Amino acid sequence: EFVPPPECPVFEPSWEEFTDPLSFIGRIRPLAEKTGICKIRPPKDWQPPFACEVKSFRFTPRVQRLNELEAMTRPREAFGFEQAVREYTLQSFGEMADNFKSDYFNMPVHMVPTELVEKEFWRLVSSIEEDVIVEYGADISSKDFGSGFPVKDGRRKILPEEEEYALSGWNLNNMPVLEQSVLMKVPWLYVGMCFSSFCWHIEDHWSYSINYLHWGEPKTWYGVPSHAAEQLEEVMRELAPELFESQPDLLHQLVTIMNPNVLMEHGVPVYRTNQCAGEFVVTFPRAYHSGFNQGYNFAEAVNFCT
């Protein structure tokens, strides 16, 4: 079955090192740049409150058919109308997500080993006999219902115990986002359920990205260092569906799902991590990454510049 890639680096900075994100990322770069991704665990006392407007938080998630590329191998009757379209609140999405996972594995959602969800995910992606369909609240703009981090503005109220987090350099709203040049830049939200996923991609302009899991079950990641970017792209073209082979990268990476073991078999280095609630994941410039969610969770991401 699936062989898990080696673990990416995890850093546990002291309060002194936790002072400036860009200074810290600059210092860990000699190691983290060689794995493409790294995980950062903040000091134990660093616990930002969740600041989204939860009562009015409503969204229509995207439908994900795990084996859609494998099923390209007579089209189905009335294709394009498989799943009925559902709108959710945070609470009703969570109820759906937990019922899906507990029903799927026949055990309570917190008892399912992360290694089993991983093994099953990659089996389902390549399975022609079983068609599993899930939903992902992905790419929700933080301008919609606010950031998960507290921010200083007239939108909501900030308590004194909250203000340190509104002002923190690790608040994703306070990251630098303006690239220097001769002359949408806000965080985005992701409401996950078991098996919801993001396929292999790099960021626009080869940007760094930083990713925070506010709460919930882990987000499983795979990363490739930037020195292997060209090798991954060559493996993709060789093994991607012929109909998509000529597509430009920006469109191709909407459907570049590929088992990490296939890349490893072709000599591409791949690292993994389970990002748990309260942890950051940083992706380095031109570091390909992909992943999936273990269950109901809430993440926030932003592209930043150095």
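Position 1 is the first residue in the sequence shown; the rest follow in order.
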Open item on the list: As a check of understanding, is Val151 unmodelled in at least a third of the other compared entries that model its flanking residues?
Closed with: no
TODO: Tell whether, across the other compared PDB entries, at least a third have no coordinates for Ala97.
DONE: no
Task: Unmodelled stretch of the deposited sequence separating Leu183 from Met184, binned as none, 1 to 3, 4 to 9 or 10 or more - done: 4 to 9
Open item on the list: Checking chain continuity here. Are there deposited residues lacking coordinates between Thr73 and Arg74, and if so is it 1 to 3, 4 to 9, or 10 or more (or none)?
Closed with: 1 to 3
Open item on the list: On mean Cα temperature factor in this entry, is 34 to 42 or 238 to 246 the higher one?
Closed with: 238 to 246
Task: Given 106 to 114 and 174 to 182, the range whose Cα B-factors average higher in the PDB entry - done: 174 to 182
TODO: Please pick out which of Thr19, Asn297, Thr283, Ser290 has the largest Cα B-factor as recorded in the entry.
DONE: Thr19
TODO: Could you check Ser127, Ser197, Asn211, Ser226 and tell me which one carries the biggest Cα B-factor in the deposited entry?
DONE: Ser127
Task: Modelled-residue ranking by C-alpha temperature factor, third containing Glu279 - done: lowest
Task: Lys101 by Cα B-factor - lowest, middle or highest third of the modelled chain - done: lowest
- [ ] Can you work out whether the C-alpha temperature factor of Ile133 puts it in the lowest, middle or highest third of the chain?
- [x] middle
TODO: Could you tell me which third, lowest, middle or highest, the C-alpha B-factor of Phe11 occupies within its chain?
DONE: lowest
Task: CA B-factor ranking of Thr256, expressed as a third of its chain - done: highest
